[PDB]
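Residue numbers (the UniProt record's numbering), protein chains in the order written: chain A, 67 to 108, 122 to 482; chain B, 69 to 110, 122 to 482. By construction, the Cβ of each residue, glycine as well, lies at the ideal position given by its N, Cα and C atoms.
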Amino acid sequence: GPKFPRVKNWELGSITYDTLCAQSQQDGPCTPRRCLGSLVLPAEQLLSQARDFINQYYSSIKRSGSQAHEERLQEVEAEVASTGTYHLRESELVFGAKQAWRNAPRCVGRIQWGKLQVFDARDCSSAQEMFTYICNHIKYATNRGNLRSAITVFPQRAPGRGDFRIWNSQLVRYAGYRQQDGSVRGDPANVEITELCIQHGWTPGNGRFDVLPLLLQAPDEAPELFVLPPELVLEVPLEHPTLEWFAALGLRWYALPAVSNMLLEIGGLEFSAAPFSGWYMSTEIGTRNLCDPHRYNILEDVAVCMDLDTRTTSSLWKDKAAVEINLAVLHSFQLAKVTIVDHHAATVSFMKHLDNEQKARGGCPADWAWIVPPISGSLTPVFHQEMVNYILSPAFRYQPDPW
Amino acid sequence: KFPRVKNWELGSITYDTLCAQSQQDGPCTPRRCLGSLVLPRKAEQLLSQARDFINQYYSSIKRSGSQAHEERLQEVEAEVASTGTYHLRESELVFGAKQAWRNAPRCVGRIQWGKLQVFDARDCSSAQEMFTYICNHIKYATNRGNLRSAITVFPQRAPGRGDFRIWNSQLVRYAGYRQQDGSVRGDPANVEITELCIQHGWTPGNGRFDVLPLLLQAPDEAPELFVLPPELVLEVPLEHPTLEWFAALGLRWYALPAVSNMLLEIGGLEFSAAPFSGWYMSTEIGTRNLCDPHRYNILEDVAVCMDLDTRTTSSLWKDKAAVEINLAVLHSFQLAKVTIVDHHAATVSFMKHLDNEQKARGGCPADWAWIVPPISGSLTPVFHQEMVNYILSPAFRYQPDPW
Ligand code: HEM
Ligand code: HEM
Ligand SMILES: Cc1cc(N)nc(CCc2cc(N)cc(CCc3cc(C)cc(N)n3)c2)c1
Ligand SMILES: Cc1cc(N)nc(CCc2cc(N)cc(CCc3cc(C)cc(N)n3)c2)c1
Ligand SMILES: C[C@H](O)[C@H](O)[C@H]1CNc2nc(N)[nH]c(=O)c2N1
Ligand SMILES: C[C@H](O)[C@H](O)[C@H]1CNc2nc(N)[nH]c(=O)c2N1
Ligand SMILES: [Zn+2]
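Next comes the structure, spelled out in structure tokens:
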């Protein structure tokens with residue numbers, strides 16, 4: 067066959083050849099000797128990255144080689160020459176931002192990539208203004224439960240000058256209080272960050288679901304702390320359809336999944352503060368956040384209520400419970416009329432996504448372990464899809480925690 | 069150079085130093101990760128792969144440098160020098176067999192790698208004799224239901240001649256009969272193989288669980304059809320603790336998972352027929368075999384007996400039903416007194432295996448996407464554990480289909 071990787075679907079029996087990977091300008095962790103695919107974390124150089132993105136842009140508008148294409152090129156090196164950086168045009172930001180989401184090997188919601196609201200915030204001057212900008216994002220994106228994908232782009236990393244940073248990892252997060260015995264009250268994922276807000280004068284609450292304040296950082300200034308108006312932070316009380324007691328557990332989650340600690344890289348430019356929001360997939364809440372032994376860990380609690388034999392694994396008690404918990408998440412979101420998507424619908428649309436991208440780009444970089452859901456793995460069609468994972472740009476990046 | 073493997077549940081960290089002993093290549097390159105591909109589209124070497132294997136053995140029994148070691152190495156040099164190949168001593172073979180399993184990155188059951196009965200069938204000359212071995216291996220491994228891991232090793236490949244092969248992928252397989260309706264009564268995975276048997280003379284039944292005969296091949300001979308005496312094959316009808324209608328589904332599965340299509344490499348000699356068997360981990364039966372859309376596919380049926388809401392995905396009927404089916408399997412096997420391990424027990428013992436091998440060898444190759452079971456991934460400790468994949472020798476390979 068062809069000299070690009072072959073890509074079977076073992077359910078349908080279909081084949082495809084990924085030609086997109088040939089565009090990757092970035093090494094990953096794997097080598098012919100060993101595969102590190104399962105690891106979570108893995122000047123002139125600018126000019127040529129910049130040139131690259133511009134060609135992408137111009138091709139995306141079908142003008143590859145034309146007078147405006149080669150003038151914008153002339154223009155970009157003119158800027159770099161005399162300053163070391165350069166700036167994106169309004170629509171260039173829009174394209175590159177969409178291109179980063181499109182390129183994200185670990186997101187399963189990519190079928191939605193074309194529809195995303197790019198909120199330009201490169202005019203932002205202070206931590207106060209950051210907050211305001213953000214409050215607007217949450218309001219738009221949340222849209223009273225009929226959610227809408229968006230990203231707010233704050234300004235970009237500069238030579239020897241501070242970064243714009245959101246200290247929190249998500250915009251909405253529950254507190255995590257280290258107890259004087261050893262336990263954690265709240266979300267254990269958010270211990271450190273809780274511990275940092277108090278250190279910067281936050282008065283902590285008491286409960287399993289205390290919404291955290293925002294730690295925003297303007298360049299060179301210390302981080303300023305900001306409390307989200309409660310009316311802004313839409314939450315969903317959880318309850319089971321048929322199990323009447325579930326509602327009494329006092330469990331809950333928030334509507335807006337919005338990542339705030341990732342780096343948005345476009346054509347060499349680095350946007351250190353550019354939080355994006357979508358909507359949740361049922362399992363993120365119900366299988367990861369609530370049942371991970373290192374998170375809310377509510378599996379044993381709920382199985383006791385369901386009255387299952389937890390003295391032995393053969394009872395598949397863990398399984399059973401997880402399913403009801405997931406279902407409680409779905410029903411409860413649907414009932415409160417807030418956008419959500421179960422793992423079956425989500426994966427079925429990712430299949431359509433992969434088919435769409437084959438036609439258009441000749442490939443789609445996918446992180447299999449990440450695309451396949453944390454329950455009911457082989458029941459979703461993606462589990463039977465072989466997947467190439469490589470790094471394309473524009474991209475999102477992990478970046479060091481600022482403190 | 070040496071990779072940092074993390075567990076995210078516990079925050080614990082290791083470094084893998086074992087991967088440096090890998091001499092073979094994998095699919096990944098630094099440009100793109102192919103870890104998810106199921107299979108790989110892929122006088123002097125033998126001398127060095129032997130020396131280095133023989134080295135392992137003597138090092139493994141503490142006599143590394145001794146009389147017997149020195150003198151065995153010269154046995155090999157002399158045997159390859161005159162014959163272009165050499166032969167293994169039975170102990171040496173027993174060692175290799177145990178090791179190749181130990182190295183199988185996609186095997187979750189490797190906690191047991193030390194406990195393996197090894198049948199030396201290297202003095203086989205007829206498909207007749209093969210069938211006696213195969214029959215005897217089964218009678219041993221099954222043990223009235225108290226299963227015991229085994230491998231039986233037919234003659235090594237040789238350059239002047241064709242291989243000893245078993246045509247079946249497993250020693251026990253249900254026939255999949257094709258039908259005018261574009262339908263498949265029986266197991267869809269065994270359609271091609273059922274048709275071969277027919278072509279080769281066997282009378283077919285027309286049940287959903289018709290145990291297939293064996294097609295055995297001595298070098299350069301036409302394959303031959305041997306039937307397994309019904310009694311040797313242990314089956315388990317499936318019932319369900321709570322639900323009485325389940326058994327009336329007439330579902331059933333066989334006790335012994337025994338792979339017969341793979342090749343065993345040791346000291347660079349190739350063992351083309353070398354079946355091996357252990358015991359089932361329940362998900363293989365209740366999830367993949369019984370619910371794969373391209374297999375027996377009972378998910379809809381079952382669910383409809385359960386009177387669930389098939390009409391939409393968000394009722395989580397696919398998951399709900401999957402679980403009952405997995406549960407049905409465990410109960411049935413525990414009831415019929417037949418070795419089985421559920422995904423919870425197993426992955427736990429594998430986490431122990433990782434730890435044992437960590438101290439013993441400084442690592443352990445593992446294929447994350449095959450170790451994490453096909454339901455309730457995140458609910459098993461493996462999900463949260465980083466894993467390095469690489470090719471250690473002795474090893475099982477895939478090989479072409481003989482026909
Ligand atoms: C529209 C609804 C969306 C859904 C249902 C969705 C789904 C998901 C899920 C389930 C994950 C795995 C996260 C985890 O389990 O830890 C993920 C990862 C990711 N998604 Fe989305 N996503 C959506 C929207 C978005 C949007 C709007 C963006 C960017 C604007 C985005 C970019 C990403 C990125 C960069 C990752 C990988 C981040 C990481 O490495 O932690 N997704 N997606
Ligand atoms: C003893 C109890 C055992 C258990 C519970 C077990 C479990 C498993 C499971 C669940 C798989 C995944 C295969 C799939 O779902 O398609 C697997 C793969 C594998 N196991 Fe085991 N195993 C056991 C014993 C053995 C033995 C005795 C051997 C060899 C002597 C072995 C070697 C392998 C190999 C080579 C694979 C890869 C299969 C392939 O690539 O097609 N295991 N094991
Ligand atoms: C701190 C940290 C570092 C790291 N390397 N990995 C993790 C776990 C993965 C993860 C990380 C973040 N920051 C956000 C999500 C929500 C995922 C999400 C985002 C969007 C936009 C929509 C959606 N449905 N889900 C998931 C955390
Ligand atoms: C035909 C074929 C080719 C190919 N490349 N891949 C597959 C799927 C993987 C598979 C193949 C076979 N032959 C047997 C099992 C049972 C796995 C098993 C083995 C043992 C020894 C114990 C156990 N519990 N489970 C799994 C099938
Ligand atoms: C395409 C995908 O990698 C493939 O379906 C894998 C996934 N994980 C698996 N895990 C096991 N144990 N066995 C399998 O056959 C598979 N199939
Ligand atoms: C080690 C392993 O890769 C890790 O546990 C991954 C598995 N898949 C995941 N998938 C998602 N979406 N999020 C995660 O945190 C993880 N964890
Ligand atoms: Zn890889």
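Along chain B, which residues have their Cβ under 7 angstroms away from the Cβ of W447(A)? By Cβ distance, chain B contributes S104, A448.
Check whether the Cβ atoms of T221(B) and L313(B) lie closer than 8 angstroms to each other. Cβ distance < 8 angstroms, so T221(B) and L313(B) count as in contact.
Find the residues of chain A that neighbour residue 115(B), judging by a C-beta separation of less than 8 angstroms, and give them in chain order. Shown without residue 115(B), the model has chain B running from 110 straight on to 122.
Pull the bridge partners of residue 119(B) from the DSSP assignment, please. Missing here is residue 119(B): after 110, the next number in chain B is 122.
Flag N225(A) as yes when its Cβ comes closer than 7 angstroms to any non-hydrogen atom of ligand 3, and as no otherwise. Every heavy atom of ligand 3 is 7 angstroms or more from the Cβ of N225(A), so no.
Please list the partners that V402(A) has in chain B, where partner means a Cβ-to-Cβ separation under 7 angstroms. Listed by position along chain B, the residues whose Cβ is nearer than 7 angstroms to that of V402(A) are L395, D398, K399, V402.
Give the straight-line distance between the Cα atoms of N269(B) and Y477(B), rounded to the nearest whole angstrom. Using only the alpha carbons, I get a separation of about 18 angstroms.
What residue does the beta strand (DSSP E) around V290(B) start on, and which one ends it? For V290(B), no beta strand (DSSP E) segment is defined, and its DSSP state is neither H nor E.
Go through the region 418 to 473 of chain A residue by residue and report every complete run of the alpha helix (DSSP H) that reaches 4 residues or more, in order. 422 to 440, 447 to 450, all fully within the region 418 to 473 of chain A.
Which stretch, first to last residue, makes up the alpha helix (DSSP H) that contains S161(A)? For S161(A), the enclosing alpha helix (DSSP H) stretches over residues 146 to 162.
For a test of the three-state rule: what should DSSP assign to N75(B), helix, strand or coil? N75(B) falls in the strand class under three-state DSSP.
Between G280(A) and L295(A), how many whole angstroms is the CB-CB distance? I'm expecting something under 8 angstroms. Distance from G280(A) to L295(A) at the Cβ level is roughly 14 angstroms; contact not present, criterion being Cβ atoms closer than 8 angstroms.
Let's see if you can read the secondary structure: which residues bound the beta strand (DSSP E) around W332(A)? Per DSSP, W332(A) belongs to the beta strand (DSSP E) from 331 to 333.
Could you pull out every unbroken alpha helix (DSSP H) segment of at least 4 residues lying fully inside the region 199 to 275 of chain A, listed in chain order? Segments of the alpha helix (DSSP H) lying fully in the region 199 to 275 of chain A: 206 to 221.
Per-residue contacts from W358(B) into chain A (C-beta, under 8 angstroms): Simply none; closest approach about 15 angstroms.
At 4 residues or longer, and completely inside the region 335 to 416 of chain A: list those alpha helix (DSSP H) runs for me, N to C. With a minimum length of 4 residues, the continuous alpha helix (DSSP H) runs that stay inside the region 335 to 416 of chain A are 378 to 385, 396 to 414.
Could you please give the first and the last residue of the uninterrupted alpha helix (DSSP H) stretch that includes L304(A)? Segment 303 to 305 is the beta strand (DSSP E) holding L304(A); no alpha helix (DSSP H) there.
When the Cα atoms are used, what is the spatial distance from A122(A) to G163(A)? Those two C-alpha atoms are separated by around 7 angstroms.
Does any heavy atom of ligand 4 sit closer than 7 angstroms to the C-beta of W358(B)? Judged by the Cβ position, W358(B) qualifies as a neighbour of ligand 4 at the 7 angstroms threshold, a heavy atom of the ligand being closer than this.
With DSSP as the reference, please indicate the residues paired to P316(B) in a beta bridge. Beta bridge pairing from DSSP links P316(B) with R331(B).
Could you name the residues of the same chain whose beta carbon sits closer than 7 angstroms to that of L409(B), not counting the 5 residues immediately before and after it, in chain order? Only residues of its own chain outside the window of five on either side were considered, and among them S361, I419, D421 have a CB closer than 7 angstroms to the CB of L409(B), listed in chain order.
Closer than 8 angstroms, Cβ to any Cβ of chain A: which residues of the region 272 to 295 of chain B, in chain order? Correct list: empty, as no residue qualifies.
Is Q464(B) near ligand 6, judged by its Cβ being under 7 angstroms from some heavy atom? Checking the Cβ of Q464(B) against ligand 6 gives yes.
Based on the DSSP output, what are the partners of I81(B) in its beta bridges? Residue pairing from DSSP places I81(B) in a beta bridge opposite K74(B).
Residues in the region 417 to 430 of chain B with C-beta within 7 angstroms of chain A's C-beta atoms, listed in sequence order? Correct list: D421, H423, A424.
Got a list of residues with beta-carbon closer than 5 angstroms to any non-hydrogen atom of ligand 7, in chain order? Result: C96(A), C101(A), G103(A), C96(B), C101(B), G103(B).
Thinking C-alpha only, which one of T85(B), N215(B), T211(B), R227(B) is nearest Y359(B)? Of the listed residues, the one whose Cα sits closest to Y359(B) is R227(B).
Would you list the residues sitting across from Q296(B) in a DSSP beta bridge? Under DSSP, the beta-bridge partners assigned to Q296(B) are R244(B).
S127(B): first and last residue of the uninterrupted alpha helix (DSSP H) it sits in: Here the alpha helix (DSSP H) through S127(B) covers 124 to 139.
Check for me: the alpha helix (DSSP H) holding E169(A) runs from which residue to which? That run of the alpha helix (DSSP H) goes 169 to 181.
Looking only at its chain, what residues have a beta carbon closer than 7 angstroms to the beta carbon of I133(B), apart from the 5 residues adjacent to it on each side? Contacts found: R151, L152, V155, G346.
Given that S80(A) touches chain B, what residues does it touch there, using C-beta distances under 8 angstroms? Here the premise fails: no neighbours, minimum Cβ distance about 12 angstroms.
Would you kindly check if the distance between the Cβ of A179(A) and the Cβ of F475(A) is under 8 angstroms? Going by C-beta atoms, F475(A) is nearer than 8 angstroms to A179(A).
Pick from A448(B), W447(B), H432(B), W449(B) that is closest to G441(B), judged by C-alpha positions: Nearest option by C-alpha distance: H432(B).
What distance in whole Å lies between the Cβ atoms of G241(B) and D299(B), which are believed to be in contact at a cut-off of 8 angstroms? Confirmed, about 4 angstroms.
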